[PDB]
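Note that each Cβ is placed from the backbone with ideal geometry, even for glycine, and that neighbours are counted across all protein chains shown. Each reported figure results from applying straightforward, stated rules to the coordinates on display, with no laboratory input.
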Amino acid sequence: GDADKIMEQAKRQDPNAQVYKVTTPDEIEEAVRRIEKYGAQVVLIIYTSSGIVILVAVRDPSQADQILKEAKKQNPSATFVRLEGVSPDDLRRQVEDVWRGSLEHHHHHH
């Protein structure tokens with residue numbers, strides 16, 4: 001399905017990129033914990049269907065930009081969030097707010 005396509009769109013461009021798919025907040029704390037080492041460079045959060053969150057990470061920003069450009073053009077509603085200025089442990093709050101937003105709808109404006 002669409003989740004399996006989107007995770008492979010990262011691997012087809014850079015097979016070294018770490019990608020994981022989670023359906024729960026208890027799975028997110030595992031995904032962020034293994035990404036914390038790798039995503040210390042660059043991270044992307046992807047939000048597909050009614051609550052599935054896919055977490056992707058890379059060691060170069062060009063790989064994230066290229067993968068995102070293909071993934072947007074193939075999947076326009078998949079909602080991409082690029083991470084660089086937030087710490088790899090603080091990334092939890094950004095991923096978890098995207099998990100919660102699927103169940104508990106809020107505007108979350110600046």
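Candidates are the residues of region 31-52 that are in contact with a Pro (Cβ under 6 Å, 6 or more places away or on another chain) and buried (at least 16 other Cβ atoms within 10 Å of the Cβ); the one that is farthest from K21 (Cα to Cα) is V42. A single member of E8, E27, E36 is in contact with a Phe, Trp or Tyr (Cβ under 9 Å, 6 or more places away or on another chain), over 17 Å from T79 (Cβ atoms) and of a type in the set (D, E), and it is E27. Residue pairs whose Cβ atoms lie under 7 Å apart, separated by 6 or more positions or on different chains, with the first residue in region 1-14 and assigned to a loop (DSSP other than H, G, I, E, B) and the second surrounded by 12 or more Cβ atoms within 10 Å (Cβ to Cβ), are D14/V58; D14/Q63; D14/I67. Of all residues in region 54-82 being basic (K, R) and free of Cβ contacts under 8 Å to residues at least 12 places away in the same chain, which is surrounded by the fewest Cβ atoms within 10 Å (Cβ to Cβ)? It comes out as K73.
In the set (1) surrounded by fewer than 14 Cβ atoms within 10 Å (Cβ to Cβ); (2) of a type in the set (D, E); (3) without any contact (Cβ under 8 Å) to a residue 40 or more places away in the chain, the condition left unmet by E27 is number (1).
Might you check whether a residue that is touching a helix residue (DSSP H, G or I) at 6+ places or on another chain (Cβ under 8 Å) and in a helix (DSSP H, G or I) occurs anywhere in region 57-65? There is at least one residue in region 57-65 that is touching a helix residue (DSSP H, G or I) at 6+ places or on another chain (Cβ under 8 Å) and in a helix (DSSP H, G or I).
For region 66-97, a residue qualifies if it is in a loop (DSSP other than H, G, I, E, B) and of a type in the set (D, E), and the qualifying residues are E84, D89, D90. Among the residues of region 61-110, those identified as more than 21 Å from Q9 (Cα to Cα) and small (G, A, S) are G85, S87, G101, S102. Tell me which residues, restricted to region 21-58, are out of contact with any strand residue (DSSP E or B) (no Cβ under 7 Å at 6 or more places or on another chain) and farther than 17 Å from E96 by Cβ. The answer is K37, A40, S49.
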